[PDB]
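Text of the file coords-v6.pdb, holding PDB, N, CA and C atoms and all ligand atoms:
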ATOM      1  N   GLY A   1      52.133 -14.919 -46.565
ATOM      2  CA  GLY A   1      53.108 -15.540 -47.443
ATOM      3  C   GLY A   1      54.533 -15.311 -46.980
ATOM      4  N   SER A   2      55.068 -16.263 -46.223
ATOM      5  CA  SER A   2      56.429 -16.158 -45.710
ATOM      6  C   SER A   2      57.189 -17.465 -45.915
ATOM      7  N   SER A   3      58.091 -17.471 -46.892
ATOM      8  CA  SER A   3      58.883 -18.658 -47.194
ATOM      9  C   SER A   3      60.072 -18.306 -48.083
ATOM     10  N   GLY A   4      61.108 -19.138 -48.031
ATOM     11  CA  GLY A   4      62.292 -18.898 -48.835
ATOM     12  C   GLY A   4      63.232 -17.895 -48.198
ATOM     13  N   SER A   5      64.304 -18.393 -47.589
ATOM     14  CA  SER A   5      65.281 -17.532 -46.934
ATOM     15  C   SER A   5      66.673 -18.155 -46.982
ATOM     16  N   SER A   6      67.695 -17.304 -46.996
ATOM     17  CA  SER A   6      69.076 -17.769 -47.045
ATOM     18  C   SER A   6      69.891 -17.173 -45.902
ATOM     19  N   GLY A   7      70.604 -18.033 -45.180
ATOM     20  CA  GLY A   7      71.416 -17.574 -44.068
ATOM     21  C   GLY A   7      70.765 -17.843 -42.725
ATOM     22  N   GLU A   8      71.549 -17.733 -41.657
ATOM     23  CA  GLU A   8      71.042 -17.970 -40.311
ATOM     24  C   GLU A   8      71.327 -16.776 -39.404
ATOM     25  N   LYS A   9      70.694 -16.764 -38.235
ATOM     26  CA  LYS A   9      70.878 -15.681 -37.276
ATOM     27  C   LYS A   9      71.722 -16.141 -36.093
ATOM     28  N   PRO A  10      73.028 -15.835 -36.142
ATOM     29  CA  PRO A  10      73.968 -16.206 -35.080
ATOM     30  C   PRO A  10      73.731 -15.418 -33.794
ATOM     31  N   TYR A  11      72.828 -14.446 -33.860
ATOM     32  CA  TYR A  11      72.510 -13.619 -32.703
ATOM     33  C   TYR A  11      71.076 -13.855 -32.241
ATOM     34  N   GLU A  12      70.889 -13.935 -30.927
ATOM     35  CA  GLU A  12      69.567 -14.159 -30.356
ATOM     36  C   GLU A  12      69.378 -13.339 -29.083
ATOM     37  N   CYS A  13      68.162 -12.842 -28.882
ATOM     38  CA  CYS A  13      67.848 -12.040 -27.705
ATOM     39  C   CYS A  13      67.595 -12.930 -26.492
ATOM     40  N   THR A  14      68.483 -12.842 -25.505
ATOM     41  CA  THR A  14      68.357 -13.639 -24.292
ATOM     42  C   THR A  14      67.153 -13.199 -23.467
ATOM     43  N   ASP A  15      66.721 -11.960 -23.675
ATOM     44  CA  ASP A  15      65.577 -11.417 -22.951
ATOM     45  C   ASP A  15      64.308 -12.202 -23.272
ATOM     46  N   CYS A  16      63.998 -12.314 -24.559
ATOM     47  CA  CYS A  16      62.811 -13.037 -24.999
ATOM     48  C   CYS A  16      63.196 -14.294 -25.774
ATOM     49  N   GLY A  17      64.185 -14.162 -26.654
ATOM     50  CA  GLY A  17      64.631 -15.294 -27.444
ATOM     51  C   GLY A  17      64.580 -15.018 -28.934
ATOM     52  N   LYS A  18      64.455 -13.746 -29.294
ATOM     53  CA  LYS A  18      64.392 -13.349 -30.695
ATOM     54  C   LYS A  18      65.713 -13.640 -31.402
ATOM     55  N   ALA A  19      65.757 -13.360 -32.701
ATOM     56  CA  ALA A  19      66.961 -13.589 -33.490
ATOM     57  C   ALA A  19      67.255 -12.401 -34.400
ATOM     58  N   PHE A  20      68.516 -12.264 -34.797
ATOM     59  CA  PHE A  20      68.927 -11.168 -35.668
ATOM     60  C   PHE A  20      70.200 -11.529 -36.429
ATOM     61  N   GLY A  21      70.090 -11.598 -37.753
ATOM     62  CA  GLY A  21      71.238 -11.934 -38.575
ATOM     63  C   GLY A  21      72.410 -11.002 -38.341
ATOM     64  N   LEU A  22      72.127  -9.821 -37.804
ATOM     65  CA  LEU A  22      73.168  -8.835 -37.531
ATOM     66  C   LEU A  22      73.387  -8.677 -36.030
ATOM     67  N   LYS A  23      74.497  -8.045 -35.664
ATOM     68  CA  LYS A  23      74.824  -7.824 -34.259
ATOM     69  C   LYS A  23      74.229  -6.510 -33.763
ATOM     70  N   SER A  24      74.069  -5.556 -34.675
ATOM     71  CA  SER A  24      73.513  -4.253 -34.329
ATOM     72  C   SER A  24      71.990  -4.313 -34.261
ATOM     73  N   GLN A  25      71.402  -5.186 -35.073
ATOM     74  CA  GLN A  25      69.952  -5.341 -35.106
ATOM     75  C   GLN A  25      69.427  -5.843 -33.765
ATOM     76  N   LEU A  26      70.244  -6.630 -33.073
ATOM     77  CA  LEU A  26      69.863  -7.177 -31.776
ATOM     78  C   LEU A  26      70.023  -6.133 -30.676
ATOM     79  N   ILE A  27      71.194  -5.508 -30.626
ATOM     80  CA  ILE A  27      71.471  -4.486 -29.624
ATOM     81  C   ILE A  27      70.344  -3.462 -29.557
ATOM     82  N   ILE A  28      69.916  -2.983 -30.720
ATOM     83  CA  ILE A  28      68.841  -2.001 -30.791
ATOM     84  C   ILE A  28      67.528  -2.584 -30.281
ATOM     85  N   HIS A  29      67.362  -3.892 -30.451
ATOM     86  CA  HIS A  29      66.152  -4.573 -30.006
ATOM     87  C   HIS A  29      66.129  -4.703 -28.486
ATOM     88  N   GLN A  30      67.239  -5.165 -27.920
ATOM     89  CA  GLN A  30      67.346  -5.336 -26.476
ATOM     90  C   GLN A  30      66.898  -4.076 -25.743
ATOM     91  N   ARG A  31      66.906  -2.951 -26.451
ATOM     92  CA  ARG A  31      66.501  -1.678 -25.868
ATOM     93  C   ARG A  31      65.036  -1.716 -25.442
ATOM     94  N   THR A  32      64.168  -2.126 -26.362
ATOM     95  CA  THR A  32      62.740  -2.207 -26.085
ATOM     96  C   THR A  32      62.477  -2.914 -24.760
ATOM     97  N   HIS A  33      63.339  -3.867 -24.422
ATOM     98  CA  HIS A  33      63.200  -4.619 -23.179
ATOM     99  C   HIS A  33      63.619  -3.771 -21.982
ATOM    100  N   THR A  34      64.798  -3.164 -22.076
ATOM    101  CA  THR A  34      65.313  -2.327 -21.000
ATOM    102  C   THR A  34      64.479  -1.061 -20.838
ATOM    103  N   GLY A  35      63.511  -1.108 -19.929
ATOM    104  CA  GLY A  35      62.657   0.041 -19.695
ATOM    105  C   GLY A  35      61.519   0.131 -20.692
ATOM    106  N   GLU A  36      60.298  -0.094 -20.216
ATOM    107  CA  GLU A  36      59.121  -0.039 -21.075
ATOM    108  C   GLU A  36      57.855   0.175 -20.251
ATOM    109  N   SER A  37      56.766   0.521 -20.931
ATOM    110  CA  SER A  37      55.492   0.761 -20.262
ATOM    111  C   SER A  37      54.597  -0.473 -20.341
ATOM    112  N   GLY A  38      53.699  -0.607 -19.370
ATOM    113  CA  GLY A  38      52.797  -1.744 -19.347
ATOM    114  C   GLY A  38      52.682  -2.365 -17.969
ATOM    115  N   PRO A  39      51.488  -2.889 -17.650
ATOM    116  CA  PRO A  39      51.225  -3.523 -16.355
ATOM    117  C   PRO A  39      51.958  -4.851 -16.198
ATOM    118  N   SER A  40      52.601  -5.296 -17.273
ATOM    119  CA  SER A  40      53.339  -6.553 -17.255
ATOM    120  C   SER A  40      54.563  -6.453 -16.351
ATOM    121  N   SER A  41      54.356  -6.673 -15.058
ATOM    122  CA  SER A  41      55.441  -6.605 -14.086
ATOM    123  C   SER A  41      55.553  -7.909 -13.303
ATOM    124  N   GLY A  42      56.768  -8.228 -12.867
ATOM    125  CA  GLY A  42      56.989  -9.447 -12.112
ATOM    126  C   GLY A  42      58.323  -9.451 -11.394
TER     127      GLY A  42
HETATM  128 ZN    ZN B   1      63.925  -9.583 -26.980
END
Would you write the structure of this file as structure tokens?
Ligand SMILES: [Zn+2]
Amino acid sequence: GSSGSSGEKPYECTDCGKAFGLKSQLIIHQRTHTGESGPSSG
């Protein structure tokens, strides 16, 4: 059940393409990208 929202996310993660209504919410997210574990390499 996901519906009904107000406002937009002027911020988006260039790494994957995520969104964040806040500027700090994104910065903290970009972290997960910078350095991580997993065979997903390229
Ligand atoms: Zn991302």
Subject >> Test item: the PyMOL selection byres (((chain A and resi 10) around 8) and not hetatm) resolved as number ranges by chain >> reply: A: 7-9, 11-13, 19-23
May I ask you to write as a PDB file with N, CA and C atoms, keeping the file's coordinate frame all residues lying at most 6.5 Å from ligand ZN 1 (chain B), with only N, CA and C atoms and all ligand atoms counted?
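Wrote out_9.pdb, looks like this:
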ATOM      1  N   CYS A  13      68.162 -12.842 -28.882  1.00  0.00           N
ATOM      2  CA  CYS A  13      67.848 -12.040 -27.705  1.00  0.00           C
ATOM      3  C   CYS A  13      67.595 -12.930 -26.492  1.00  0.00           C
ATOM      4  N   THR A  14      68.483 -12.842 -25.505  1.00  0.00           N
ATOM      5  CA  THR A  14      68.357 -13.639 -24.292  1.00  0.00           C
ATOM      6  C   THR A  14      67.153 -13.199 -23.467  1.00  0.00           C
ATOM      7  N   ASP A  15      66.721 -11.960 -23.675  1.00  0.00           N
ATOM      8  CA  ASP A  15      65.577 -11.417 -22.951  1.00  0.00           C
ATOM      9  C   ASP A  15      64.308 -12.202 -23.272  1.00  0.00           C
ATOM     10  N   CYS A  16      63.998 -12.314 -24.559  1.00  0.00           N
ATOM     11  CA  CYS A  16      62.811 -13.037 -24.999  1.00  0.00           C
ATOM     12  C   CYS A  16      63.196 -14.294 -25.774  1.00  0.00           C
ATOM     13  N   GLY A  17      64.185 -14.162 -26.654  1.00  0.00           N
ATOM     14  CA  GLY A  17      64.631 -15.294 -27.444  1.00  0.00           C
ATOM     15  C   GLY A  17      64.580 -15.018 -28.934  1.00  0.00           C
ATOM     16  N   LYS A  18      64.455 -13.746 -29.294  1.00  0.00           N
ATOM     17  CA  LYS A  18      64.392 -13.349 -30.695  1.00  0.00           C
ATOM     18  C   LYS A  18      65.713 -13.640 -31.402  1.00  0.00           C
ATOM     19  N   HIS A  29      67.362  -3.892 -30.451  1.00  0.00           N
ATOM     20  CA  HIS A  29      66.152  -4.573 -30.006  1.00  0.00           C
ATOM     21  C   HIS A  29      66.129  -4.703 -28.486  1.00  0.00           C
ATOM     22  N   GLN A  30      67.239  -5.165 -27.920  1.00  0.00           N
ATOM     23  CA  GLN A  30      67.346  -5.336 -26.476  1.00  0.00           C
ATOM     24  C   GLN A  30      66.898  -4.076 -25.743  1.00  0.00           C
ATOM     25  N   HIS A  33      63.339  -3.867 -24.422  1.00  0.00           N
ATOM     26  CA  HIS A  33      63.200  -4.619 -23.179  1.00  0.00           C
ATOM     27  C   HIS A  33      63.619  -3.771 -21.982  1.00  0.00           C
TER      28      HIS A  33
END
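Rounded to one decimal, CA of residue 25 (chain A) and CA of residue 40 (chain A) lie 24.4 Å from each other.
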Test item: axis-aligned box, all listed atoms of region 2-8 of chain A, 3 Å on each side, centre and edges in Å rounded to one decimal, as lines of an AutoDock Vina configuration file:
center_x = 63.3
center_y = -17.6
center_z = -44.1
size_x = 22.5
size_y = 9.0
size_z = 15.4
**OP:** Please run DSSP on the backbone and report, as a ChimeraX atom specification, all residues within chain A that come out as strand (DSSP E).
**Re:** /A:11-12,19-20
Subject >> d(atom N of residue 28 (chain A), CA of residue 6 (chain A)) in Å >> reply: 22.0 Å
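Here CA of residue 24 (chain A) and CA of residue 5 (chain A) stand 20.1 Å from one another.
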Original post:
Which parts of chain A does DSSP call helix (DSSP H, G or I) when run on the backbone here, written out as a ChimeraX atom specification?
Top reply: /A:24-33
Subset file: chain A, C-alpha atoms, as a compact mmCIF listing (two decimals), in the first residue's frame:
# COMPACT_ATOMS: atom_id res chain seq x y z
CA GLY A 1 0.00 0.00 0.00
CA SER A 2 1.90 3.01 -1.32
CA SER A 3 -0.03 6.07 -2.50
CA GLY A 4 -0.67 9.71 -1.66
CA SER A 5 2.32 12.04 -1.43
CA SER A 6 3.02 15.78 -1.41
CA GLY A 7 6.12 17.48 -2.77
CA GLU A 8 8.90 16.51 -5.16
CA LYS A 9 12.54 15.42 -4.91
CA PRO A 10 14.81 18.11 -6.42
CA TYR A 11 17.75 15.84 -5.61
CA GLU A 12 18.68 12.65 -7.46
CA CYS A 13 21.54 10.16 -7.21
CA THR A 14 23.62 10.30 -10.39
CA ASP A 15 25.21 6.99 -9.38
CA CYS A 16 22.02 4.95 -9.73
CA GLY A 17 19.28 7.53 -10.21
CA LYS A 18 17.58 7.56 -6.82
CA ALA A 19 15.78 10.60 -5.39
CA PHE A 20 15.74 12.49 -2.09
CA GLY A 21 13.51 15.38 -1.05
CA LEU A 22 16.45 16.55 1.06
CA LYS A 23 20.05 17.40 0.19
CA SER A 24 21.54 15.55 3.16
CA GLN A 25 19.48 12.41 2.52
CA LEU A 26 21.23 12.03 -0.83
CA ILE A 27 24.78 12.76 0.31
CA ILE A 28 24.48 10.00 2.92
CA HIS A 29 23.14 7.68 0.22
CA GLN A 30 25.92 8.33 -2.29
CA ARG A 31 28.12 6.80 0.41
CA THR A 32 26.76 3.28 -0.08
CA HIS A 33 27.99 3.60 -3.66
CA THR A 34 31.48 4.88 -2.84
CA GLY A 35 33.14 1.67 -1.68
CA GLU A 36 31.11 -1.49 -1.15
CA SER A 37 31.32 -5.29 -1.07
CA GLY A 38 30.11 -7.65 -3.79
CA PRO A 39 31.26 -9.42 -6.97
CA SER A 40 29.45 -6.70 -8.93
CA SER A 41 32.53 -5.23 -10.61
CA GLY A 42 33.04 -3.61 -14.00
